[PDB]
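Letters A, B, C, D and E mark the chains in the order given here, with residues in each chain numbered from 1 onward.
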Amino acid sequence: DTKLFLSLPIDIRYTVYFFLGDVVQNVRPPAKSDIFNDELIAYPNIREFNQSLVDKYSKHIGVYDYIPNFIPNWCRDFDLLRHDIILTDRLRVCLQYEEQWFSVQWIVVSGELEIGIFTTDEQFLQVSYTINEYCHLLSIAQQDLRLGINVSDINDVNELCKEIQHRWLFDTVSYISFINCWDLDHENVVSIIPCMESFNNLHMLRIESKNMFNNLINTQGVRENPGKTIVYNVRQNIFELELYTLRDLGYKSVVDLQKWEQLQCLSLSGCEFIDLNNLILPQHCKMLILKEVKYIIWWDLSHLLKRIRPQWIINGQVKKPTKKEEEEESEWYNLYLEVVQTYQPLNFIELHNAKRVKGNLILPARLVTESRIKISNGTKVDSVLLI
Amino acid sequence: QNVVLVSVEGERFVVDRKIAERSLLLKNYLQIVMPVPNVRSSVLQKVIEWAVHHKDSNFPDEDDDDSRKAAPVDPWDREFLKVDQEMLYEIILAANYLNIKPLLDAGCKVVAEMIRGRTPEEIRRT
Amino acid sequence: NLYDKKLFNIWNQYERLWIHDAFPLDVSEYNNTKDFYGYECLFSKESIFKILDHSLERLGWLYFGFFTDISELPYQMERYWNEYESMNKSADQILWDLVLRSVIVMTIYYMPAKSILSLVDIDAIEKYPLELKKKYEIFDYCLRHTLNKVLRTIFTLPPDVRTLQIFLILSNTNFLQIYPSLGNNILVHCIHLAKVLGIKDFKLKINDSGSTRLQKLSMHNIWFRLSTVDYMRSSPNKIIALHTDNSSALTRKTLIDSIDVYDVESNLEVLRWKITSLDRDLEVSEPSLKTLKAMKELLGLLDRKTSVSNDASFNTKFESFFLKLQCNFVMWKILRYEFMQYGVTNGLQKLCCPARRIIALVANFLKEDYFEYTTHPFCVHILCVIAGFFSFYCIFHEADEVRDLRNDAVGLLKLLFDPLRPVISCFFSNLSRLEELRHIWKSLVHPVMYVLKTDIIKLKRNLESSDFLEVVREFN
Amino acid sequence: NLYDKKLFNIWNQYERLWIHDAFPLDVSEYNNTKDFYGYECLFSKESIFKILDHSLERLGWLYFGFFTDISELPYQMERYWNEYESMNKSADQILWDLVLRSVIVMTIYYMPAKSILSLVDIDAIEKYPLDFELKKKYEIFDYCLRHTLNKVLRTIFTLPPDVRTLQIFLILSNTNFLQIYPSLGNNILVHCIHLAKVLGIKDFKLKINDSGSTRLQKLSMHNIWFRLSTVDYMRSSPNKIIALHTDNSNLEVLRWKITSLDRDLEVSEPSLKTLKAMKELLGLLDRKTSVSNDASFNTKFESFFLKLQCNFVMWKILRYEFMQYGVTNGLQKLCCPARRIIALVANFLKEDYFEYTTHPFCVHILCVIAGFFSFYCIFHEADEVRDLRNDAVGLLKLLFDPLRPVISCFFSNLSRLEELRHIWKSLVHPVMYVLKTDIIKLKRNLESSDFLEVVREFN
Amino acid sequence: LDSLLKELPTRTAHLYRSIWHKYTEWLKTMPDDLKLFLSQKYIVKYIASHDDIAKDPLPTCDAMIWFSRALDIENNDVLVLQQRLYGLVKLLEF
């Protein structure tokens, strides 16, 4: 029941909702691969379907509108999902720890602002709520929040948010997302680049396409377009970073980001090829997060593997005890220091299942004894050794 | 080897030692009898029934969230837990006390199934 | 429950002001104060050599961590003895003199009574001012003499690393909890010397000789012990600090010369600093809950790495003891924060267990005749805070578990501790005061919590039947 | 000319390493070494009161700026004399004792020789070591100083935190002290900085309905904190790295502002609108400076020091300009500030105030000026600069006993640099190559190239 | 082929399939097999009826191109068609 469930502590509800990640609606759209299959699941359903919301919110919903009765389903879903105390504790608690589950940002429809709470993968909408409703449910503040650009939210809507958080309100928002609009064009960049001045709560960015990345980020493609790129003062104020969704990152690429300074954490997901030998970085950024991709090409570490003797090798680990053999001891430290200098600006490396790494893993023991090097069971490698 | 366990009522149940070293709170508390505060008799009976049904079984981790949400609701468990809500919640709290995670995960799985296979009328009462 | 959270905040401030609880003001009183150190003064050459033997046997930990080679020390010792005999100056000789003297004083603080009492001379007792009380009085005399000598030769000196060692060698004593303002000031001077010498260049470079490696190692151990004390001894009397120049081991999400960790080395000084940084992140910075989850996981891992240390000699038991002590203490602080703020269930029992572990440990170290090792001030700080909170929640609520644990702690601490008489006495008197407060509350903005509001106000201004309630207030 | 800009930066670093340029070990040689202060010892209390009269007449500036009330000082003096007489302790009394001693020592540093020589006793000169002029005066001054320092080193650590220690240090900074016993001074500076941050002296933010005593307290706190930041910038070689001048961003404010312009000059982003704004602002502050009108000795002294700071910083700014961006006529527009400085020191000689010239800041100033002037005199020709440099060096040799080692060292290395003129007189030149070697020699001392190395070895 | 279909964003692709459905239905309005479906005649007839799609015909035409190259069509055909289509978007966007 409800109050029995609410007489309970927080870890219980947390794990429960972790199992209920984000399915609050009674429906779900598919991925892309399941589109061309003509199989539609089933949604034969009926009225209590007001023409106040299907007409309003269609910019994020009416894209689909091609299946068994979905919108009346969606409509009554949005209706009944304004009173789930289930959901209110869901959000009080998910906010308490981390909202990696619900992606929660600003929106405007009809010129009326609201706060929408979506999936993360591409942010299919689930519901939204008013600011005053939201912070009557909770405490009002400059509660940091998220934002992203769609073909729904591009320029004037976007500039409407800008001028609203100027005139009516203040810029309570941090994090920016580039989920579509891969062209660097049709008014998104034109709107946003002059608009990152009242925009000083943030450190965090999310990126989608190799076109947009290569033509905005990878600083070898140097130009003199001032409004087409960032002002460098924000390039200081971006301690975090995220990016997804490309095929060939570093195959003979120009991978280098020294301008992208005062960065402190990188996140990468959903790609199909990568090599780290092309990769170049600033300092200050050691947190590296990497999610399900295809086979990775580790650093070379070949010459250094040729430097090695089985004088010491045991169990995949090594050490010189002999102080007398400064020959071997200095060699050991030279080896270890070359090793870390390959990974020099890195201390934490996370992998979800990427199915393969090809590049002769030899790592330090200080970090794998701990959980710095945090691989899932992408266990298709054997050339492991530790120092 | 075996160990006695005091249901806080005062009931001196007994377990095989290592089969209880399955648990982790025990595995630390020992490193023969132990107390068990705020637990009841049928509670611990059904607890050990699950614990004995799941002895040689394999469980992924307490960090592999993908394997975790990979959600095979065990059928033996699924029928085994077809009971009311208060005893259920007590089982859940006891699992929290004991650091025995997969049972807790299964309990939350079933409760999620309860609040997923729902009716609007549950809300129309509200 | 919200009342519980609020009074637990009050207990946070009250523990700060708990812990914020003679010396002549003129060195010239010790202008002519004799010694303990001449051939005929108090301590024969041979007694001193025996002291060093016991020190290297039992308590290598400290100075092993600092220096490069340690046969160096007896070498310099005998050389100094020869030079003293020939004389019936320089910087090196006086520095080494101070070094050996401080080493000795540490060893005195961590010696058994009967031994030292057998070693010491006799008629010199007639010469000097005069069980454990004799041991501690002679220790204090030696301390004050060393302090005179070292204050002078500290100021009037070039900057050399070894001065730092002195302070670190002496911090593991009653000193800083008996001469606090002095200690804080000299700590500031040592901090200046630290940043002077670039000892942050333990960044181990390529193609460096073993000597260079050992130099950087010594620098590294020094730096981390220094950051440990500088956090641990950071009351508002001090505002200058060095514990900011390191960085948390937490791998946060929300966020140069500022040194990071996991990138350097693995010597357990690092481990202590990590644990201290976790305590720091708990106290001053953003308290979250996923934060605590990660901290707790990491600390369980580090407790594993702690117990990996295997019994083979006294110093090893000592180190592993102190590490497990710190780990369980920090776990206790975290779980306190949890059960105080957000009321997760069973945390109280899983909190009581750490206390029982601590107490089993100190019981083992009494029963094994290692009571001298117990005398480290951190242990006493620990028991202080534990007895404090246990008395608090024992008077506000009833649990015979809590009563038993608190009674064990306080019976232990009273029955066993002369050394830190001022601190323990202040704590004991105010603790008995809080017991009378138990009688009060046993006989809701309660007048008792209002009295504690008055108490924190008294303290904050000490920085720079309500009739009967005020009556008992005046009574205590 | 780009070569000129680069070598001007090189001269900047070489001047940096210039300005980054016995007292015993165990404080026990001076355990029982004689006072000057006793009734029979050296100085006769009434003479001391006369000394205090002379101090309060001419030099209120320093201690007037610090304390609240100053009849306090003769009051405490007479109290200690009575107590000394009654004695034939506490913290307050010892602080006040040291305070008056340091006050006196400042007065000694700013007294004429013949006067004090008339004051001092005679058989007490027989009691003590001689040097028998100014050399005698400076030896007795040094003895007094070292005695005071013995006294204060012991008694610094063993005390509660009280403001007056700071006062001691500030009273003693206006001397040869810090440029003759630098490391000592730096450590005590660190301790005083700790005391500064302890007491929350950044709460000079003056609030509403505070009493006049409270206003004076906050004013004292304000002046002190800002004087501390002044010294903490001026005396910040790599021997010290802890600092308070980072915490920044009544004419004490004005002096701190001038120091902040010097700081922004040295360390941070050089732009051009920046310099334009700074120079206008400093002219504005010269207006605010000349608002002060000549009416008494301390006033002439203060306005002198302020105008000195203003012209010195303008000279540095305009140097920075003409080195980095090469505007024309700047050499002459830079020489004029020097002439203003020199008219000032001329005024203070002709008025028989040569003792006031002996402030170490003036000597640091003349040092850097003669340095840069010699540089551009040997690398380039302008009889104006040559004449001024000759005036400066003849002045500094002929006039200055106190800072004997430093000026002499500077003079000797300066005379060495005249031979370097002959070298350059006899294009990545070997002379600039020699200056690369020289800055490398100094930086590593911190922690026909054949003939060029030959003359290098000769010197 | 299918990789080329995978190359795109997701909102756009869902939109594309919805429009495939819409155009299939509006062709079921008439009796009448893929270029006849994606016929310039029938497409412009659809657009003449669907002036609403003339307000956002950019992905309309781009999807028509994407299908005209999806299956086995000569690449010259789809690009001369694309020239016609750029003529059309120039005609109608003003």
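One rule holds for everything that comes next: a residue touches a chain if its C-beta (ideal position, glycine included) is under 8 Å from a C-beta of that chain, and two chains touch if they have at least 3 such contacts.
Each of A-C and C-D has its own count of C-beta contacts, and the greater count is at C-D. The distance from the centre of chain B to the centre of chain E, each centre being the mean of the chain's C-alpha atoms, comes to 57 Å. For the pair chain B and chain C, the distance between C-alpha centroids works out to 43 Å. Centroid to centroid, with C-alpha atoms defining each point, chain A and chain E lie 34 Å apart. Within chain C, contacts with two or more other chains are made by residues 345.
Counting partner chains per residue, chain E shows two or more touched chains at no residue at all.
Residues of chain B found to touch two or more other chains are 93, 96. Contact between chains, using the touch rule, shows up for A-B, A-C, A-E, B-C, C-D. Across the complex, chain C is touched by residues 29, 37, 93, 96-97 of chain B. Residues 1, 4-5, 8-9, 11-12, 15-16, 18-21, 23, 76, 80, 83-86, 352-353, 376 of chain A are the ones touching chain B in the complex. Every residue of chain B that touches chain A in the complex is listed here, in rising order: 64-66, 68-69, 71, 85-86, 89, 92-93, 96, 104-105, 108-109, 111-112, 115-116, 120, 123, 126. Residues 23-28, 31, 89, 91, 94, 153-155, 157-161, 183-184, 187-188, 190-191, 193-194, 197-198, 239-242 of chain D are the ones that touch chain C when the two sit in their complex. Chain C makes touch with chain B in their complex at residues 345-346, 349, 353.
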